[PDB]
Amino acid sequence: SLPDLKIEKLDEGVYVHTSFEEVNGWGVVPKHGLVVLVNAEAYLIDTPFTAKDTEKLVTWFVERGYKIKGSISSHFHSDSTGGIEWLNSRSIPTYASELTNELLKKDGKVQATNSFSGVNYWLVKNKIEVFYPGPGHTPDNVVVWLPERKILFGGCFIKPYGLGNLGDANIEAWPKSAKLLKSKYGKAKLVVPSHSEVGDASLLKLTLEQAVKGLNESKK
């Protein structure tokens, strides 16, 4: 009895997909990803938690006729990578940074078929940019920017009311990383967090506040 996959339009050619999963002791957690349409080409930004929701998601666009050209995962946790296996079984290219691929293999999980590195990677020139702001939520977390719509996909890095799961976090790097991201993408119109709804650049500033706060708090 878990909630159904949501598919909602956010902007022209940009959809938010919402999937739900019970997570440890935190109850049912919503997780936001995007599907970015580049004409007839569809790109998943993070997979749903599960293979089933990934199939549902893909079949929903395949059914309306688009070509799934690829998937990019913003960090190694299964709320970003849960459907990589299923995609791979269907010949859909999957992408992750080399670091993200190293952590997947280290946890006994299937890896993306295509890796990248460098602070900046373009999945699609002048359309989908992949950016590494430095450790935060995880050592490997990256963000995805959509220049043509001014939409920034923040992932589990963006945490405007509390940092969430610190199990793999780097509290000491987060403020710096938060500040850089803040500077770089200060002018996004929309900011899409993994576990909060879409807001504006204010969430960049709140994330920075939480990391700073989170930091002192663990110092005492």
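Superpose the two forms; the largest set of C-alphas matching within 1.5 Å is the rigid core. A residue's number is simply how far along the shown sequence it sits, counting from 1.
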With the rigid core as the fit reference, the stretch showing the greater C-alpha departure in 8 other deposited structures of this protein, 187-195 or 23-31, is 23-31
Ranked by mean Cα B-factor in the entry, 190-198 and 36-44, top stretch is 36-44
Averaging the C-alpha temperature factors as deposited, the higher value of 136-144 versus 123-131 falls on 123-131
Reading the B-factor column of the entry, which of 58, 173, 29, 163 has the highest value at its C-alpha atom?
-> 173
Split the chain's modelled residues into thirds by Cα B-factor; is residue 212 in the lowest, middle or highest one?
-> highest
Of the three thirds of its chain by CA temperature factor, lowest, middle or highest, which one includes residue 203?
-> lowest
Tell me, lowest, middle or highest third: where does the Cα B factor of residue 156 rank within its chain?
-> lowest
Against its chain's modelled residues, does residue 62's Cα B factor rank lowest, middle or highest third?
-> middle
By the record's CA B-factor, is residue 180 among the lowest, middle or highest third of residues in the chain?
-> highest
